[PDB]
Structure formats: structure tokens, C-alpha cells
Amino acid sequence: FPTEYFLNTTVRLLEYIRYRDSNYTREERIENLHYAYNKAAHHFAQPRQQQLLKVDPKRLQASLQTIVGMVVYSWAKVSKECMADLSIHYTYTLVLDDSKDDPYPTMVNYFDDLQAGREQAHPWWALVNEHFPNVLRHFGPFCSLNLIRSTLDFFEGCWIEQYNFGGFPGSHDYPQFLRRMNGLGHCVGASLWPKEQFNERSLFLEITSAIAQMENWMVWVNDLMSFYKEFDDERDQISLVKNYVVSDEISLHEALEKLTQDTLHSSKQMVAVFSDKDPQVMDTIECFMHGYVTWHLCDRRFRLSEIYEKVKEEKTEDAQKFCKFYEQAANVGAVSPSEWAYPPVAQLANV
């Protein structure tokens, strides 16, 4: 693991994007964290959900928390209810993103069942489509469509990932094709615009553009920050960076530089395009980026903590410019789960 080269880039992106979540107080975050968590936990604890969603209780609990965090810290300008509902949806998606089961047998009649109104055979679809309306009520038709599509894309993405395939050497189009499939880009980007706060028809071009640009910023920033936790990992192995290596036949270092250039560039352009656009829009966008990074740095899932401390023992300036940031975030978003994530889902389920 190029812990070395790891420092190098993360610092660039952070310094160039200039990570700094100012707006949004700790009391406010906690208030939201608990609202979302609470509604989601009660949801996932219902018997139906409990029996159709096959997940180890502890992974569910962990996933839920990582997601409530992500939504609350990035969808900073939406209502509490919207955060809660988005938290449920993104929790369903994450539970699948880490799973393993062939969907072939349950997808054989997908379309006929869909058109007929019969409950899907794949349990996941049964639960997600049943819950979906609670997510969709927060948006206009256009945005809704994007959510529906991206979630469908995501299902296929997980399907493909089950083959643990990084692409045929020479298949340069494979990597990004896959990252987009399992990235939920359009889902994320469109869910940033609740109809209660934005007029889908008045800001159509703004919203469309944001969906298109955010799709890449969002996934590439995650590929970058995750360049730690995913690796000697099992469900990983097939990451955008690792697929670049396999498919583009280049070194891990070269793929790394690539991701970085795309990321930095994507970042530069997000600003260039939205700075002068509608203020409300620029705020939702800026608040998302800062929150998204805050979440990456704060959530243990990405073990970003180490690469701060364990690089705190060595002055390489590239490992010190990194640390100037981490804390900068942990002091805003570092919150003990005992302050919001309670009681555990399992406890509500057996009640």
C-alpha cells in the first residue's frame, strides 16, 4: 500500500478544493443526526424489513450510521424529514453495495412483474420500491426520474461487481463505465434539490448541469479518500483505480495520478460554473462538497485518522499539510455516536 504516495495527492485535492465546513453548528448536526438515525432505525427495525433484508445486524447498524452521517453532513440544506428518508434509501443501497448473491434468478421476471404491479422477487427491490415514495415525495418529476434511474443503474452495478472483474486489458472504457454504474451519481446530484426549496422547472438547467458535474466530483472524491480503506480489502479489489491498472495497463501510481487530475479538474470546474449562478444553488453545492469531505475525514470507515497521527510522527510537510486539515474537520464533525445513534436498530427490532 503506497501510504507514501497516498499523502501526496489527498493533500493536493484538499488544499485545492480548500476543505472548510464553516456553516452548520455541532448542536445542529447532532439534532439532525439523531432525527435521521431515529426514523431510519425505527424503519429497519420493523418485522417486514427485518425479515426481507438479509444483513448481519452489526453491519446494518454500522451501515446505517455511516449513511446517516453522510446524508446529514452533505445534504445540509434539506429538511430533517428529507435527510431521514434519504438516509433510509442510501442505507438500502449501501447494504447491497457490500453484499453477495446472484440476482439472476430473481431478475428473470423483473419487467413483467414491474409492469403488472406484482411485488418483485428480489427482496431488495421489494423493500426499496415500497419505500421509494417516501423519498420521492421530496422531489419534482424530473429529479425523481434521476433517482429512479440511478438506483436501477446501481442494482446492475452491484450485479456486475459480484463477478469481481476489473475489465479486460485494453478495455479502456470499462473502468468509468463501471464506476458510473455503481456510483449513484444522478441519484445523489438530483436528491440535492427538494421541491420544497427549489423549483425544478425554474432551475432545470442549473439542476441538470449540477447532476452532470456532481456525478463525477462525488464518485472521484470518494475513490480518492477511500484509496485507504479499500485495498487489502475483499469486496473491493475491483475499484476504479485498480481497474484503471488492469484495463488501461498502467501502474497503480499512474492510475492514481489520473484519478487525481480528474478530481482536481472536476473541482476547478464545479466552482467556475456555479460561482456566478443562483446563490441558493451554489450554496447547496458548496455545502455538499464541504460536507462530503467532512464526512470522509470524520467517519472511521475511511481510517483517515491514522494518516494524521501515524504521519504525525514524521515531518514530511506532505503529511503535515494533510494534518492541518483533518483536525480542521474533526473539530466540526467528530461526534460520538452515543450522542445520536441510539438505541441500536437491533433493540427496536426485538421490542
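So that there is no doubt, residue numbering starts at 1 and follows the sequence shown.
Novice: Mean C-alpha B factor from the entry: is it higher for 59-67 or for 286-294?
Specialist: The stretch with the larger average C-alpha B-factor is 286-294.
Novice: Which is higher in the entry, the mean Cα B factor of 71-79 or that of 251-259?
Specialist: Between 71-79 and 251-259, it is 251-259 that shows the higher mean C-alpha B-factor.
Novice: If I read the C-alpha B-factors straight from the PDB entry, which of 130, 113, 98, 85 is highest?
Specialist: That would be 98, according to the entry.
Novice: Based on the PDB record, which member of 320, 50, 38, 32 exhibits the highest Cα temperature factor?
Specialist: Spelled out: the listed residue with the top C-alpha B-factor is 320.
Novice: In terms of the CA temperature factor given in the entry, to which third of its chain does residue 206 belong: lowest, middle or highest?
Specialist: Bottom third by C-alpha B-factor.
Novice: Lowest, middle or highest third: which one holds residue 225 when the chain's residues are ordered by CA B-factor from the entry?
Specialist: Highest third - that is where residue 225 ends up once the chain's C-alpha B-factors are sorted.
Novice: Within this chain's modelled residues, let me know which third the CA B factor of residue 333 belongs to: lowest, middle or highest.
Specialist: It falls in the top third of the chain.
Novice: Could you say whether, by C-alpha temperature factor, residue 276 belongs to the lowest, middle or highest third of its chain?
Specialist: Within its chain, residue 276 is a highest-third residue by C-alpha B-factor, going by the deposited values.
Novice: Compare the C-alpha B factor of residue 349 with those of the other modelled residues in its chain, then answer lowest, middle or highest third.
Specialist: Highest third.
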